[PDB]
There are 4 protein chains.
Amino acid sequence: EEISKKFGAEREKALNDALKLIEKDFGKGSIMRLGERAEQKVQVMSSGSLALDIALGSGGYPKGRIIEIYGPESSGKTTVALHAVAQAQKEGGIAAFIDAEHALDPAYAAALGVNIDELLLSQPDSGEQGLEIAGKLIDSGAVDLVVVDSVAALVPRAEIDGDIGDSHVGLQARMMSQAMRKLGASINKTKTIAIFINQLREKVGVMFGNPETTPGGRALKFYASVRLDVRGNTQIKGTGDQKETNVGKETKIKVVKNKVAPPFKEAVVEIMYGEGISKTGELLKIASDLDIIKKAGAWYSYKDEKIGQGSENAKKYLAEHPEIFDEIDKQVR
Amino acid sequence: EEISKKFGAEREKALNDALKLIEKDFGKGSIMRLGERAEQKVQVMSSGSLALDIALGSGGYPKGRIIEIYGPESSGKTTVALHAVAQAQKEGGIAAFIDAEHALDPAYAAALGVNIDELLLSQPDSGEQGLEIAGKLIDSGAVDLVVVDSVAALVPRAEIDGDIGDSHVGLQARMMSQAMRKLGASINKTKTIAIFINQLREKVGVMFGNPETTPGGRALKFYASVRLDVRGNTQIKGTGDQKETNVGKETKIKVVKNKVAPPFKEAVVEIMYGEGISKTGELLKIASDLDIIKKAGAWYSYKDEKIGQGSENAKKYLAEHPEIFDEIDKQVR
Amino acid sequence: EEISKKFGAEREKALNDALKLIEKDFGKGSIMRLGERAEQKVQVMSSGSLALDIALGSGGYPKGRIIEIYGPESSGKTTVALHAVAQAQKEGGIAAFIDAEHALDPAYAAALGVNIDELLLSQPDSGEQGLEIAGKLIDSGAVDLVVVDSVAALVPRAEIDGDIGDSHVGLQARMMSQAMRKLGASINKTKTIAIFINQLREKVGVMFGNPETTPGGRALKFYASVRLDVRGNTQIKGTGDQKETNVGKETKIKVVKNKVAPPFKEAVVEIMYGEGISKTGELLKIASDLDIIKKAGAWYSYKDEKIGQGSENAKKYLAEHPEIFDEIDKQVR
Amino acid sequence: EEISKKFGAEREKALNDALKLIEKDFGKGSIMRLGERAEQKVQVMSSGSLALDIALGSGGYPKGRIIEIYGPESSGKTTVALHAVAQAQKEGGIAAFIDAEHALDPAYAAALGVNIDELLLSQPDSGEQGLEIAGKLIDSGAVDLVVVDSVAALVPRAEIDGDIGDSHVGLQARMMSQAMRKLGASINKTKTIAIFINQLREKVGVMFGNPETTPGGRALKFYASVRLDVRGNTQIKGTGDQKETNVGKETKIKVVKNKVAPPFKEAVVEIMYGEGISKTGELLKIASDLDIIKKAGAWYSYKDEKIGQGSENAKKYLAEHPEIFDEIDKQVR
DNA sequence: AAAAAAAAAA
DNA sequence: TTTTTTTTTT
């Protein structure tokens, strides 16, 4: 016979028996009160560019969660991922960049100074084998940054064999959702950062909202903790061979979904072709905005008096003087 | 042989023997009349916002029933659950927030008034083990409010070990139905409130109505008693450092299925980031709608006349004026 | 040896000996001819709404048979059962409503006119024991209307003790068939009505008709005699506080299987929240269809000429006029 | 001492001594040859519909054999047995219709022409009591068509008294086989027709053929001689009250196992509610197929020219013209 | 506006 | 002696 009619008793030792019975089967940290749940606090890793994570509040992507990137074509998708790869690899944590569209140039990564010899990579044929590779590489290993590019190009297995022009209703999104339901609970276990980047397809006929959307199904936007999109519009003509020649592209990044900081605070980044995120280009620009450095004429007056008035102002010697860096940024932080 | 031909007699002594014979084998509270079944009446727990539980008719979530939440991406489906947790915790009833998608930040809970040290929690890997943990914690427990988040993420065991991209027809809903068939009878016996929140997936091809649905199968919607879904779209820019800066998210709450009150009566709440339900914001907002407080220009004229016309109007002193609270709500209640 | 080669003789005194032989052992009411079996004729009981049991041909659910209700969520599966309880209870016959999904609010029964103190009830944990309660209460009792709710919730004993996510091949249907095979022969023998209400679960892969079904096995759909199902679609906003506010839900009722009358004849019922079946609200609608009442402008011309043109037209004075009802219905039955 | 090991010698007078030894000990009808056993010819009784027993090859149910009927829900399992009862009752043969599920309404039989005062009947509770009544009424009686309905409801003794939901493995089929081994050799001795009608329960997992079966075990399917199943899917709306109103149910009848005629020859029958098998409806339908009557437009031209083009075409005057029946059936049988 | 193929339990 | 939906694409 079973146990009789029970109300919650008005003294609370009874759930201690439930705690002891839970600990019999499902380990040790299955039920913890939140006060001594020490690893539940947010852990932060930066993004290289200070203006990017002046917007994310904390100071970078929170560990153990899902971040994702999307936006229009040729507008700064892989560059931010490469800079996060280099900044993450600068503390010895191993980073793994799988591919889907085979677009990564090795010398472009060499131009951003990231190590090719300690960069894992895979170019899968189908999307299934590549995402399986990422899944098996995350859980057993202690790698630090897994990054899947171009979820549009993760083709599913059941249409890589069929003829071109067959009906395949609901096959990309089902694979992506059934994949991330498996990968969701494992990633926070190992405190690892994952970024899925994306492309854009339209959606034909809606009377509300913006007519753009991402592919890969609606299961992605639920799980992710921070969503950034980029909208690269114009380029800047520098003093290339003392002439107005295309040498840098202007862009902007704004956060769309966020849950560790207030959202919708945007950011402006400059990108030079073949050179990536100009951190020295944004450092002296943004420090004159809150005026911790001087805003003046040809010389921003300091102890050195070696400042030109151009796109090059102080980068010739702040490479050899990195010691001004710490006292000019963390004040807003 | 057995008893002879039965028709019920035209005097009702015979069923008293059946009442005695039922009482011999199945306890005492097996068969009662409805007149003296005193614990069958509904008990109500509110959820912080006066505007929310003015829309539920009774005055909050009914005890011993099943409530459920859904809604589109990032619309404060988790914050209303957190507020229900805090309002339940403010009376000493121990509340247990398990997880499935690993999204709860501890400092977000500390901002919303709920105590960290008296909140049970669990972040299981398998959904099956976590739901078993919740069910076993309910029955012997004296707990008051259990809550599972994100039933999309309660993955079953039969696909947590299989390869990615395998056919698993009818596996989520079977786990959910076979779970709630077990947990249906135990919950009303201990007068305990449980809420299941959810996400949204599409549905390919329906000629009538809405193309939206919830995952986790149809079996959840039957067992529930109150179903609220929220749809947050826009935001409000206040006077953040005297500038239109993103400080509050606007949303609305409507009920769909309800069986302890009139249904479909909706509600409007604004939410500030890092602050949750602006209860002092909705308080004077709804109070001038029935004119229990005055509506005028820069001063909504009362006996003290300390009223601005902004986002901050009178919350600076009604936070320390508790006596306005009980006399501006019970008139409609 | 035994009796020799016997063909049936061409004179019929021989079966009278067999009648005396069956009369020797198995009582008196074993073999009777159909010409004098006076209790084999159908007895009826009305069901509150006139338009409901106009559609059933006879005039209500027949006694001694099995009635089953199903349908999608929140569509008056429970309220039509409550109205049958009230209509059966109005003539002194004691009714017994068991509970399985713990949804019967007492004040909802209070507003629908059924007496609280003369309603038997049970909320069993294992559905096996609940069917045991109903079976033991039927046969010895003189109870008039038993009704089992929510046969999805009648859980079997063999999985109320096991873990969640255990394989339990074909356990609901075997218990339902094993209860109903015992309960079938006893129900007609005491001329008593049973009502089994249900839910809806889908079914994977059928290329014909409807993909929907009921749970609880195919045993139930055989034994039942009259099968109603409801599909509530829309609601009506009356002149509540002279405003379009939700006060009535619209629904329809069609029979599917019937064996006392022609089938497939449907009906249309309004349901007001907190009011149930407005019999006055369907009374004037069905009476104007065959025009025993007048169809005119704001005034329909009778001996009073006090009729409005709204949702409320004449229910103010037919509440005090009991003589109108018996002469406006008998012409179609 | 016994006789030696012998071969049957090459002249056959010795077996006549064994014939005399057999007939001395077991009567006269013990051993008879092929020729002078005149009652081993098949005797045929029709079954109301000409289109039904035009598909059984012979012309109806063969006497002294076992016929079984099964099919899905509400598909005229009951009405074909009723029509066989009526057609067998039309020649003074006494019919015995015992029940198991208490479904027979007497007025439904009153509409179908079967006489009520000469129809024996019983509604037992035990299955062994019902089969005992059938057995004790067959062997002494001169009864002509015994019929047990719905062998799914012939509950055995050992679970009509025990608790509900107990292990009762192999109890239905054991009672059925132990009935049929006793009843088989007695039925053919008195040339009586017995028909069992049945129900359908599924079978858990077979990847070939049909997943459906009958209950009652595999003992019945051996002993049967003609096996029919009915599958009623659609209905037909005639010109009832000059409107497309539900008045006709459509179905088909096919045979599965047969051993007096070639099998698998199907049939098509319309059924009207409250009217049964429209033999006058099928009559002109089958006659136009071999075109012994005229197939034309609004008038099929014969000597009277009183034929419409509707559902009602010739039934108004073929009721008064009984001489048209014999010229349609004798050409094909 | 038109679209498909999937299984493991007694 | 059945139990159970999963998901957009342009």
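Chain A is numbered as in Swiss-Prot, which gives 9-341 for the residues shown.
Technique stated in the header: electron microscopy, 3.8 Å.
Quick reminder: no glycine exception, Cβ is built from N, Cα and C everywhere.
Noted in Swiss-Prot for the protein shown:
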BINDING   A:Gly79, A:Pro80, A:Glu81, A:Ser82, A:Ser83, A:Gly84, A:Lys85, A:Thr86  ATP binding site
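Counting only residues at least six positions away in the same chain, the Cβ atoms of A:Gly240 sit under 8 Å from the Cβ of A:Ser82 (ATP binding site). Excluding the listed site residues A:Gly79, A:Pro80, A:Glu81, A:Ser82, A:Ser83, A:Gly84, A:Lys85, A:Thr86, the same chain places A:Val238, A:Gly240 with Cβ atoms within 8 Å of the centre of the ATP site Cβ atoms.
A:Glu81 (ATP binding site) falls outside any helix or strand according to DSSP and counts as coil. All protein chains considered, the CB of A:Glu81 (ATP binding site) has 8 other CB atoms within 10 Å. In the shown protein chains, 21 other C-beta atoms lie within 10 A of the C-beta of A:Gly84 (ATP binding site). The Cβ neighbour count for A:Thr86 (ATP binding site), using a 10 Å radius over every protein chain in view, is 20. The Cβ of A:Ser83 (ATP binding site) has A:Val238, A:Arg239, A:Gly240, A:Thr259 as same-chain neighbours under 8 Å, each 6 or more residues away in sequence. Burial estimate for the binding-site residues (A:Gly79, A:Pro80): highest at A:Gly79, by number of other CB atoms within 10 Å. Its Cβ taken as reference, A:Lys85 (ATP binding site) is surrounded by 22 other Cβ atoms within 10 Å in the chains shown.
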